[PDB]
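before the rest arrives, take these chain(s) from the complex:
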Amino acid sequence: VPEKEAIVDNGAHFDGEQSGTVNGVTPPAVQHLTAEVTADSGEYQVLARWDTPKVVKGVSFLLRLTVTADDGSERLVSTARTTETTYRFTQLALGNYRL
């Protein structure tokens, strides 16, 4: 049956999104990230709040707190990994902090 070959290399109509549905189950950016400097407890504390985006099979969060240098560069103050949607920072020196 030499005429079989023509049928074989006629693959069906795959739907689309060949690149992988442009997600790669990569989590979206966290939303509503608000920092709050308060002293109602008698000392300076920073409360950080955020909302979980739509993820797959579960989620965790990575926090990176850095402080601005005098020359415009940055210094790594702290790093953390959590599962909660809130965090608390205490005993922070004066400066401009980016979380």
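Now that the structure is in, tell me what you want to look at. Numbering: from 1, shown residues only, chains lettered A, B, ... in the order given.

every contact and neighbour count from this point should use C-alpha atoms.
Will do.

report the buried residues of stretch A:21-37.
Neighbour-count burial for stretch A:21-37 flags residue A:35 (criterion: 16 or more other CA atoms under 10 Å).

centre of the chain versus that stretch, how much separation?
5 Å (CA atoms, centre = their mean, to the nearest Å).

swap in stretch A:11-23?
27 Å.

repeat that for stretch A:57-76.
12 Å.

what about it, how long is it end to end?
31 Å (CA to CA, to the nearest Å).

just stretch A:52-69 next, same as before
Terminal-residue distance, stretch A:52-69 (CA to CA): 31 Å.

and stretch A:55-70, what's buried?
A:66, A:67.

what residues does it touch?
By CA atoms under 8 Å, 6 or more residues apart in numbering, the residues outside stretch A:55-70 that reach it are A:25-28, A:74-84, A:95-99.

and if you look at stretch A:24-36?
Here stretch A:24-36 has contacts from A:46, A:47, A:48, A:49, A:50, A:51, A:52, A:53, A:54, A:55, A:56, using CA under 8 Å, 6+ apart.

pull out the buried residues from those.
Of the contacts of stretch A:24-36, these count as buried by 16+ other CA under 10 Å: A:46, A:48, A:49, A:50, A:52.

determine which two of the residues you listed are furthest apart.
The span of the buried ones among the contacts of stretch A:24-36, defined through CA to CA, is set by A:46 and A:52 at 19.6 Å.

quick one on the thing from earlier: what is the nearest of the contacts of stretch A:24-36 to residue A:1?
residue A:56 (48.8 Å).

okay, now chain B:
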Amino acid sequence: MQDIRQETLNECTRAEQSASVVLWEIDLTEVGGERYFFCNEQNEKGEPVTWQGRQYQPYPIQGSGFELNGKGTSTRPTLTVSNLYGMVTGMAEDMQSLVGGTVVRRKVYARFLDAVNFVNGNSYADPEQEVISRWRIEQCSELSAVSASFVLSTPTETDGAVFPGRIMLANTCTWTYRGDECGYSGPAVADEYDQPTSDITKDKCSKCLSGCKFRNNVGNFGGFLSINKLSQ
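Following on from the chains above, chain B is added here:
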């Protein structure tokens, strides 16, 4: 015990009995063919054997390997038939080698045959005296210029089957188009390549999500359109 009439049981115990005639029927109606009736012998008048008013044309045919065993492999009988004059050949090129057809075998004592078969008639003629067995054609094992051998199998034969059979897939529908589970009854929309068509004879589903959307049948889509990302 088999449900066979008292006359056959009476004949089985006799010391001197009549010849046991085996009549065969090939039923290809379910596979798009016709029904053929065969007997290994003619009658005393040189005519095809008439059983229950139906003529069974003479043709060299012989079956072997018939047994009833529950333990072990399912029994696979064999049926050898004459291929002189290229008759079975003509069936092999028209019915896809007869595969999927039915073979019906009747055992009848010659004393119960129809009266037309005998010159002097049959006073004990009884059309209700027969033993029937049904099988299916599995493979035309050999076909030559002389003969043809067929492998038979019980209709159940759980050989290639699996259980459970329905498979969980994404981007593909496992239902049968316009079937019960698919539940589609609309007009012609597109072919298997999603190209729109108003031709009913060219209306098929691509089994993809786009093919289902073409018919607005996404509710009845047989796939699971989220599992592709949880399996990583």
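
once more on the contacts of stretch A:55-70, this time with chain B?
Applying CA atoms under 8 Å, 6 or more residues apart in numbering or on different chains, the contact partners of stretch A:55-70 are A:25-28, A:74-84, A:95-99, B:230.

again, but for stretch A:11-23
In contact with stretch A:11-23 (CA under 8 Å, 6+ apart) are residues B:171, B:192, B:193, B:194, B:206, B:208, B:209, B:210.

quick check: the third one touching residue B:208?
Looking back up the chat, that one is residue B:193. No: counting by CA atoms under 8 Å, residue B:193 stays clear of residue B:208, with 9.8 Å between them.

between those two, which is the more surrounded one?
residue B:208 (24 against 16; other CA atoms under 10 Å in any protein chain shown).

near chain A, which residues of chain B?
B:171, B:192, B:193, B:194, B:206, B:208, B:209, B:210, B:229, B:230 (CA under 8 Å from any CA of the partner chain).

residue of chain B nearest chain A, please.
residue B:193 (5.3 Å; CA to the nearest CA).

tell me the SS of that residue?
The three-state label for residue B:193, taken from DSSP: H, G, I helix; E, B strand; the rest coil, comes out as coil.

can you name the residues that contact it?
A:12, A:13, B:205, B:206.

and which of the residues you listed is nearest to residue B:54?
So of those, ranked by how close each gets to residue B:54 (CA to CA), first place is residue B:205, at 45.6 Å.

residue A:34: helix or strand, and which one exactly?
strand A:31-38 (DSSP states H and E).

okay, now the sheet partners of that strand, with direction.
strand A:45-51 (antiparallel) (DSSP bridges).

return the set of buried residues in stretch B:191-199.
By 16 or more other CA atoms under 10 Å in any protein chain shown, the buried positions in stretch B:191-199 come out as B:191, B:192, B:193, B:194.

chain C should join the structure above:
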Amino acid sequence: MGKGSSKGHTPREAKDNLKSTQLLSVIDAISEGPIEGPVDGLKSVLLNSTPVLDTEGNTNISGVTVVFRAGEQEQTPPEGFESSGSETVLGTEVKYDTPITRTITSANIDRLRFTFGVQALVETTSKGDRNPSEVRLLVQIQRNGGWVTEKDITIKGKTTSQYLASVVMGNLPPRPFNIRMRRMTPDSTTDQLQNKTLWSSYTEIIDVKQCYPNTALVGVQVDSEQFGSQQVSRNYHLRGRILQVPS
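Okay, chain C now, added to the rest:
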């Protein structure tokens, strides 16, 4: 509580101080064809190894929304599960005198989610200290000619920065739509009481359109905070197939 569908819904415990709530939405597939269903009810749903309802009816776990589906050929999709969302940001303040309105008038929407909130909620007094503020807002639909209230929301809290919430609703009439959200509290006339409101954005939800024709799905929608960082292992004490048994 029925055959072919169920609702469960043990209520959620009231929160104390604002805060968000992580939600775990699962859909579990079991069996084929019409099945009888749960052995008892909501006591047959085990979230890790514990039934939702104690043997006396007490709720072991609060915040569960099991929605059982049998294997009937003619089913309906499990409600409350989203598939895609379209978020449009319209962050503006909502004053007492002026409502907002946006006239979404889409075509393929299923549910509407409102992202409202307050920029601050402190009630400062002379010499210092702070107190809650009691903000109230109202979300209304066009409903032809009469703006019928859909969801009135009251917020109590201290806060210092922006806080955002969300509210979902359905039953949407056809779509020459007009939505609205307006303020109830009078205004922040003084400087020591800041209770400004805000309508950040709204989202259009399309939900799950695939009513899986012959499987038996469950769906949970349990809050994931009560359980630890470990994953939730759902178990079900179901009954089996509806057989073709001799009459």
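
same as before for the contacts of stretch A:55-70, with chain C this time.
A:25-28, A:74-84, A:95-99, B:230, C:231.

just checking, which of the residues you listed belong to strands?
Judged by DSSP state E, strands contain the following of the contacts of stretch A:55-70: A:74, A:75, A:76, A:77, A:78, A:79, A:80, A:81, A:82, A:97, A:98.

in chain C, which residue sits nearest chain B?
Closest point on chain C to chain B, by CA to the nearest CA, is residue C:210, at 4.2 Å.

helix/strand/coil for that residue?
Residue C:210 ends up coil, using three-state DSSP.

hang on, it packs against residue B:218?
Yes: contact status for residue C:210 versus residue B:218: in contact at 6.0 Å, counting by CA under 8 Å.

can you map out the helices along chain B?
Using DSSP state H, the helices of chain B run over residues B:6-12, B:87-92, B:209-214, B:227-230.

need the winner for burial among the ones you listed.
helix B:209-214 (a mean of 20; mean count of other CA atoms under 10 Å in any protein chain shown).

ok, and what's touching stretch B:194-212?
A:12-15, B:171-174, B:177, B:187-193, B:218, B:221.

residue contacts, residue B:154?
B:74, B:75, B:76, B:134, B:135, B:136.

separate out the buried members of those.
Here, 16+ other CA under 10 Å leaves B:74, B:75, B:76, B:135, B:136 buried among these.

will you turn these into TSV that also has distance to residue C:222?
Putting those into TSV (distance: CA to CA, whole Å) gives the following:
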residue	distance to residue C:222
B:74	52
B:75	55
B:76	57
B:135	56
B:136	55
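
among these, name the ones in strands.
B:135, B:136.

cool, thanks, signing off.
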